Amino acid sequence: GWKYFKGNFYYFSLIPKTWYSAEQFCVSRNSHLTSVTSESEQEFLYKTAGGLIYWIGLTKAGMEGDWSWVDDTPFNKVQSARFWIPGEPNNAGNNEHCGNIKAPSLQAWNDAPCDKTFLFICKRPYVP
């Protein structure tokens, strides 16, 4: 059921999980919750998501609470600015330390509580 895009396979889950249980599921399939590092990847993801909300690999790191990617892709604050839903990350209720794809737009990301359950997207490198 994995979908292929530019050197990576992607798994769009059928069952919802908390952010961490999702990441664990990805790790069990030799993958990680997806990073997003280009306009074309954002576009591939939100179109495939079809208007439903999916956990991606966005999570906070460091004392400053900077955003990071669980797959260890360095997070680029400048290049990622265009990918958030206007108003996000808003840190609602001071408890939104993980990120999902929510809106079917390039401006797609929302921060939400890590313990909420959503469908999720795994990303696995293809290695010829």
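Just count from 1 along the sequence shown to find any residue number.
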- [ ] Select between 95-103 and 61-69 the stretch whose C-alpha atoms have the higher average B-factor in the entry.
- [x] 61-69
Open item on the list: Mean CA temperature factor from the deposited coordinates, higher in 77-85 or in 46-54?
Closed with: 77-85
Task: Selection from 22, 114, 108, 14 [criterion: highest C-alpha temperature factor in the record] - done: 14
- [ ] Determine, from the deposited record, the chain-internal third of the Cα B-factor for residue 34: lowest, middle or highest.
- [x] lowest
